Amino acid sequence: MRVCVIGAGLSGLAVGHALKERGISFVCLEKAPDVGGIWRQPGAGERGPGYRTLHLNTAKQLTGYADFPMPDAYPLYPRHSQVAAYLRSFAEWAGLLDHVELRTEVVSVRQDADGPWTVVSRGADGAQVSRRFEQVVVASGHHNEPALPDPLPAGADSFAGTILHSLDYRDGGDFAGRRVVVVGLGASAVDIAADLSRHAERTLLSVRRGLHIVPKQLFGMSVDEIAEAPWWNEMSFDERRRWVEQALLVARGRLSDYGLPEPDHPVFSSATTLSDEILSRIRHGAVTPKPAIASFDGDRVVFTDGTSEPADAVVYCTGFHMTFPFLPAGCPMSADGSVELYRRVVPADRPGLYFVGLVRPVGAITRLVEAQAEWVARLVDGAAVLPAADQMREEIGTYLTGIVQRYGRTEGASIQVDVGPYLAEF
C-alpha cells in the first residue's frame, strides 16, 4: 500500500530492505521471472546487457550489501551467476519475496491530484491491474534501451551478415568459426572481443575514439580498493593522476603501441575501461584493432583507413539509453538532457516520487543505493524532510554546473558522482 517499488534488481532489493526495516509497507514489482536485475539474465539466456563471460569488475566486498557479505568462497570478481545467486539469497534472508510481484511489468505511473500515484501493471496473463499507492520508488535501472550509432555506416542495408547490439549478444560460441567486428571500447566492447577471441576465427575491434584501458588491478589491489585507501585519498587530484599515469606505463606501456588510438583526455577525465585481457589478446593476434567502419560491402566491412575484412557479424557495443516508458512526462530533465534530481534522487516537483540507482560512480554502486534507500525510507514515513522546490532546484543547478565544468557535455554525465563525497552526506 504505502510504497510501490519498480524493479527488484540490486537497487530495488535495497529499497525493499530499507522500507522493511522501518515497518513501511510496500510491494515491489518486477518484470522478470526472478530478482537480480541484469545479473540473472545471462544464465537464463535472456537478452540483456550482460553476457555469459561477464564478471564483476569491482571487488566483492565493496559490491555486496554491507550487512550481507557474499560467500567467503567467492573470488574477488564473481561471475554473473554467482552475483545473481547472491542477490536472490539476500532477498530470501531479508524476507522480501512476499512483497515481490514477479512477472509483473509496470505499464504506467501517474500522479493523482490528491497526492497518491495510480500505477497500472500487467501480469503474466497480460491482464492489467490499476492500483493506487502512496509513494513510488523507481529502481528500474538505466541500461534499458540499446543505443546504436546515429548513422549506421553506408551500405548496412545490403550487408550479407548480421548486425547486432551487445544486448543481443550472449556467448560467442554462437560465433564459432566466424569472423566478427566489435564496435566500441567500453566495458562491453573489450569483454565481448576478448570472449570472441577464443571462439571466432577472426575478431576485429573497431575503435574511433580512444579510451584509457586500465587493468582491473594495480599493485595487486583493485582499482576500487585503491580509491578507498587512505594514502590515495591523501594525494592531490594531480598527484593521483600522476601516480596512475606512471603505474599504467609500467603495467602495460602506451596505448598507441597496441594499435589503439590515444585518448584526447587524461586518465581520470572521461570513462576508463577495465580489462585484464584486451591488450594481451591484441599482442597474441587474437584481436585485431581497427579504426571506424566506413561502409558495408556485402560480406565485407570497409574501415576509414581503406582496409577491409570479410565479416559474418558486427556487434555494436555502443551502450544504452536511459528511458522510463512508464513515466508519461519522463524522468525530470533540464532540456539539455541533464537529469534534474535533488541529491540525485528526488524530483523537485513531484512529491512522493523517488529514483534510486540512477547514479554513476567510480566503482560499485552498492553503498550509494544503500544510503539512498535508507534516506528514501525516512522521507517516506516523515522522519526526514526536503527543501522547498526552489532550494532543491538550487542544489540541482549547482551540481550540473560542476558537471559541465568537469566532464563538459557528453552523455550520461548528469548522473556521475564521486562515491566518497556523495556517501559523506548520508
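Numbers for residues come from their place in the sequence shown, where the first is 1.
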message: Mean Cα B factor from the PDB record: higher for 13-21, or higher for 414-422?
response: 414-422
- line: Going by the entry, of stretches 239-247 and 184-192 the one with greater average Cα B-factor is 239-247
- prompt: When the CA B-factors of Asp125, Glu92, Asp276, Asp112 are compared as recorded in the entry, which is the largest?
  reply: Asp125
- prompt: If you check the C-alpha B-factor for each of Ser81, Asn233, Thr307, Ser206 in the entry, which is highest?
  reply: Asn233
- prompt: How does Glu374 rank on Cα B-factor within its chain, lowest, middle or highest third?
  reply: lowest
- line: Sorting the chain's modelled residues by C-alpha B-factor and splitting them into thirds places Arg47 in the highest
statement: For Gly173, the third of its chain by CA B-factor is the middle
- prompt: Among the chain's modelled residues, which third holds the C-alpha B-factor of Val106?
  reply: middle
- prompt: Would the CA B-factor of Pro361 place it in the lowest, middle or highest third of its chain?
  reply: highest
